[PDB]
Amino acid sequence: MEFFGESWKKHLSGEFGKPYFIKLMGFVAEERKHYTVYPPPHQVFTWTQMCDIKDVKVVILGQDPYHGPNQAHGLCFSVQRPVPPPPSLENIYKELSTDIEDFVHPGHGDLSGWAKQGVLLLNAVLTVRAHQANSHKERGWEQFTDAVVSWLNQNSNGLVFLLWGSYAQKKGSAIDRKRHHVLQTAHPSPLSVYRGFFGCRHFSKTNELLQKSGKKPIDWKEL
C-alpha cells in the first residue's frame, strides 16, 4: 500500500490480505471518519521509509504512538520539529549525555537521523485516537508488528534489541538470543526511569555489540 517502503513491502505485504489486517484497516478508516487519529495516514509507516529492511541493525520496541497534536509521526519516541521532546525522550537524551562521548542535545526530538542508520523505532500499536492513549490497542496492530519482529528474528543476524519496560520485554520475549542481542531495562518514562534506565548505558553497549559482529556502529549524535 501507499507510503510503505519497497523492501519492507516485499517481505510484509503477505500480511495485508489476511483477514485480521483487512479488519484492522476498516477499523482505523472508520475511526478517522469521526476522530482525529495520530499519526496522519502518510506517517503511519514512516519506520519503513528510513532504511532498507536488511539494513536494520538496532530495534527499539515501543507501545502506543504519542496522542497529542503534532507529536507522533511513525517512529517511536520521536517528535518532528518544532515539537519539544516529551519526557520519555528527554530522559533518553539525558542517558545519552552520560553514555556517549560529547553527545549534544539538539533541542528537537526528531530521531530520523537514527532511523536512517538502521535503528528501527517500532511501536507495537501504530495508530491512536487523539488524546486517548491505548485507544487502538488489541485491534490488529499487535499481530502485525509481531510479524515484523518475527521476520527480523528469523531473517536478520546479530540485531540488537533494546527492550525498555514490561510491554517491550514481552513483545521481544521470543527473540533468539543466540542469533541476536537483547538488552533489557526499565522504561525511560519519568514513572520508571529511575528503576534501571538511568545508568543502563544501552547505547554504548549497542555499538560495542555491533562492532564485535563486524558492523558499523550507530552515531547516536547524528540527529
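Counting begins at 1, following the sequence as shown. Just so we're on the same page, rigid core means the largest C-alpha set that superposes within 1.5 Å between forms.
Between 52-60 and 184-192, greater CA displacement relative to the shown form is found for 184-192 when the structures in 7 other deposited structures of this protein are fitted on the core.
Remark: when the other structures in 7 other deposited structures of this protein are fitted onto this one via the rigid core, 171-179 deviates more than the alternative among 37-45 and 171-179, judged by RMS CA distance. Looking at mean Cα B-factors across 120-128 and 76-84, the upper value is held by 76-84. Higher average CA B factor: 24-32, of the stretches 179-187 and 24-32. Among the modelled residues of its chain, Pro39 has a C-alpha B-factor that falls in the lowest third, as given in the PDB entry.
Split the chain's modelled residues into thirds by C-alpha temperature factor. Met50 is in the lowest one.
Ranked against the other modelled residues of its chain, the C-alpha B-factor of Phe4 as given in the entry falls in the highest third. Sort the modelled residues of the chain by CA B factor and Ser112 lands in the lowest third. Ranked against the other modelled residues of its chain, the C-alpha B-factor of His202 as given in the entry falls in the lowest third.
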